Asker: 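Following this message is one structure expressed as structure tokens.
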Amino acid sequence: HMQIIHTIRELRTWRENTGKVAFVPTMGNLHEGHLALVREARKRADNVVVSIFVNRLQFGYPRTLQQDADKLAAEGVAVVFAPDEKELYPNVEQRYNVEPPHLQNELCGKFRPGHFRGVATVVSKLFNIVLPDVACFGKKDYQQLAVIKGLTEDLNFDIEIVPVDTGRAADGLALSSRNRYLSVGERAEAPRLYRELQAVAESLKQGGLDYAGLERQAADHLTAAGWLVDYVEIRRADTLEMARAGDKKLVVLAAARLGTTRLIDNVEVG
Amino acid sequence: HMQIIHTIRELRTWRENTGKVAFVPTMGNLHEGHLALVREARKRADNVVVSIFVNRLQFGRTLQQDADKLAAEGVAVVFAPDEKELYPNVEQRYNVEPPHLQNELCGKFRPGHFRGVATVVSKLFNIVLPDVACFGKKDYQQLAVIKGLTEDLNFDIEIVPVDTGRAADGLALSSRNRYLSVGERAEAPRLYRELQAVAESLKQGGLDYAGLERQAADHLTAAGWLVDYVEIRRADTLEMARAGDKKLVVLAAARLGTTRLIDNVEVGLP
Ligand SMILES: Nc1ncnc2c1ncn2[C@@H]1O[C@H](COP(=O)(O)OP(=O)(O)NP(=O)(O)O)[C@@H](O)[C@H]1O
Ligand SMILES: Nc1ncnc2c1ncn2[C@@H]1O[C@H](COP(=O)(O)OP(=O)(O)NP(=O)(O)O)[C@@H](O)[C@H]1O
């Protein structure tokens, strides 16, 4: 049933003659958050391609290839595309890169320079390899989602980009591999991130207009509780353009560290 | 027979049922040099698309007269979108960023041009989804930029270079030629003549590359030209040339009055 394909030539050979394709790009180490992407994908096309590739160009990491394909076989995945580095980067350098706008240096990008350029570039390469009709990305990595929506529009990729809802724990914590780094005490404290975002969201829903004050209060509550806050920001939904007074479709985003571990989350408000 | 299509949506609808597509992107004002491209494309696919498009992101005759020259050549589609069709927000947020080549040779005198070319060609590639794309060797640096992005971004497109069509006096055909004065047009073939003389020195074992570049520039300057550059580079990649090299290209750009002219000669040493 399911095929494991490692070369661009074999992937293209398989994809021709096939109809609609839904595509889920990942870096492996698959968990429940990823399966949400896969399940939504399978609701949109009979042929689901999942890519597993770790990208030297977006790092600042485990493999477990055998376990990954087993989790996906159960979910009706047609093809797992897992090329090696040289397959995608046959020369050392990547000479032609997809260059994001200034968004790449904001929010998470301020402490991950080059990261979103690397994401945009490898996703463009993957789009040109798989030629998908639909591609699923999770709302938890909102800035990544905006960059991928932006490159899709600006480069005329004929691909429907499908945001997939953030899976959360029972206590509200957004599911992420990063959670495994948290000590027992930190994991009990970790749900405060989502709680503060929701409180910002309620203030906005209740006519609150002081964006900067709301961000600071959320940051102050996190800091006082032991977090090291990277940012809390209110921006326009989908595009992450600056939030303007009177905007009705907004998103609150935050990134903050408990010890050595950085957590991110966000809440959309309408 | 031949269609003029102005929207991305109608181009995609026409292309969906068609098999192999060969693509010739242009800025219009067509002349016999462009027809050379069209003839090569027509040798490689039953369906030839010619695009006519200009924009303030890469500039760094009427459409009907252009379409008449192409109907005679077996062109299936003339794709002529307006600026807003391809750049609906005016600003291009996500650009295909070339390496340092984009600032060498002509890019030294055309800031932003090769970024804009690389970007608009990627967009047209994602719109037309061609199997074959033809480009002229007269714009040698452009050809290398397009081969580089095709490889680095895994566009599944065969890039076919086409030899420079010339006037009887050797002058490389170009839309810019119509702006030349009477005297300037009579002087313009000296550019190609000096490039051939440089190529002749190289075929005869000449190793003083820097001296050859200077002599041609000085002679063109002495003849009334304003020389941007004369350079000996490695063929195809345009890497800097080294003394033993056997596959070389001599490139020049120079101005007669208001009109900037470029040309090149490839050399293959035994
Ligand atoms: N809680 C979540 N809900 C839905 N999708 C998620 C969630 N967490 C992560 N993702 C998806 O994870 C993809 C990124 O791949 P990958 O980095 O392999 O997973 P990850 O958990 O986000 N890594 P990280 O969170 O940075 O440790 C994104 O495109 C999202 O679609
Ligand atoms: N004389 C020529 N011989 C072969 N190909 C050519 C020639 N002139 C242009 N082309 C190619 O035609 C395509 C479209 O080039 P384009 O810029 O539209 O024409 P152009 O003559 O260079 N106009 P301009 O540079 O503004 O004077 C490119 O792939 C060029 O390399």
Side-chain angles (χ1 to χ4, degrees), chain A residues 7-8 11-13 15-16 19-20 51 53 57 81 83 87-91 93-104 106 114 116-133 146-159 239-241, chain B residues 7-9 11-13 15-16 19-20 51 53 57 79 81 85-102 104 112 114-131 144-157 237-239:
Chain A
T7 71
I8 287 158
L11 202 287
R12 300 197 191 281
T13 299
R15 197 265 175 274
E16 196 179 0
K20 205 177 171 193
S51 65
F53 178 78
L57 266 49
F81 178 53
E87 184 72 14
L88 266 44
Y89 299 107
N91 320 308
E93 44 173 359
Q94 175 75 16
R95 295 163 298 168
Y96 293 80
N97 300 273
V98 175
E99 190 66 23
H102 185 244
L103 178 64
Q104 70 174 295
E106 307 183 90
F116 287 112
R117 172 191 307 112
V119 169
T121 300
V122 80
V123 165
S124 301
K125 293 167 60 73
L126 285 167
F127 280 174
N128 279 338
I129 290 165
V130 174
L131 297 172
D133 301 282
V147 158
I148 288 164
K149 288 200 178 183
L151 75 84
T152 296
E153 299 176 10
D154 277 14
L155 303 175
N156 302 100
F157 280 110
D158 187 23
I159 302 169
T239 72
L240 289 180
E241 297 278 345
Chain B
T7 67
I8 288 158
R9 235 180 72 95
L11 200 286
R12 297 199 185 280
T13 299
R15 199 266 171 274
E16 196 177 359
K20 203 179 170 194
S51 65
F53 176 79
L57 264 141
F79 181 53
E85 265 293 306
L86 269 42
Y87 298 84
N89 319 120
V90 181
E91 111 176 289
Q92 177 76 18
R93 294 160 297 170
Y94 294 80
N95 296 274
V96 177
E97 192 68 23
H100 178 240
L101 178 63
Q102 72 170 298
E104 307 184 88
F114 285 108
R115 167 191 305 111
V117 169
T119 300
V120 79
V121 166
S122 300
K123 292 167 60 75
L124 289 166
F125 281 176
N126 278 339
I127 290 164
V128 175
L129 298 172
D131 305 283
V145 162
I146 288 164
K147 291 202 293 188
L149 73 83
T150 295
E151 189 188 342
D152 275 13
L153 301 175
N154 304 98
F155 278 109
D156 184 22
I157 302 171
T237 74
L238 287 182
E239 199 187 355

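Just so it is clear: chains get the letters A, B, ... in the order the sequence lines come, proteins before strands, and each one is counted from 1.
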Asker: Between B/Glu91, B/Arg12, B/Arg115, who has the most heavy-atom pairs with chain A when the cutoff is under 4.5 Å?
Answerer: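 Looking at each option in turn, the highest pair count goes to B/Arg12.
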Asker: Any chance you could lay out the side chain to side chain contact (heavy atoms under 4.5 Å, CB included) test for A/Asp158 and B/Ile8, step after step, and finish with the verdict?
Answerer: CA-CA 10 Å; A/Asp158 187 23; B/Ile8 288 158; over 6 Å; no
Asker: With only heavy atoms counted, which part of B/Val120 is less than 4.5 Å from chain A, the side chain, the backbone, both or neither?
Answerer: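 For B/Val120, there is no contact with chain A at all, as no heavy atom is under 4.5 Å.
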Asker: So, A/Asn91 versus B/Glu151: side-chain donor-acceptor pair below 3.5 Å or not?
Answerer: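 On atom types as modelled, these side chains qualify, holding a pair under 3.5 Å.
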Asker: When rounded to the nearest 0.5 angstrom, what distance separates CG in A/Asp154 from OG in B/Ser122?
Answerer: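 Those atoms lie 12.0 Å apart.
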Asker: Taking heavy atoms only and a threshold strictly under 4.5 Å, list by residue number the residues of residues 92-102 of chain B that touch chain A; give 'none' if the list is empty.
Answerer: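 Listed by number: B/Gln92, B/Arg93, B/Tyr94, B/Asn95, B/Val96, B/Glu97, B/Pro98, B/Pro99, B/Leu101.
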Asker: Measuring from A/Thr121:OG1 to B/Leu153:CG, what's the distance to the nearest 0.5 Å?
Answerer: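 Going from the OG1 atom of A/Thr121 to the CG atom of B/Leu153 covers 7.0 Å.
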Asker: State which residue, out of A/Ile129, A/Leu126, A/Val130, fulfils the side chain to side chain contact (heavy atoms under 4.5 Å, CB included) condition with B/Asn154.
Answerer: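 So the option named by the test is A/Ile129.
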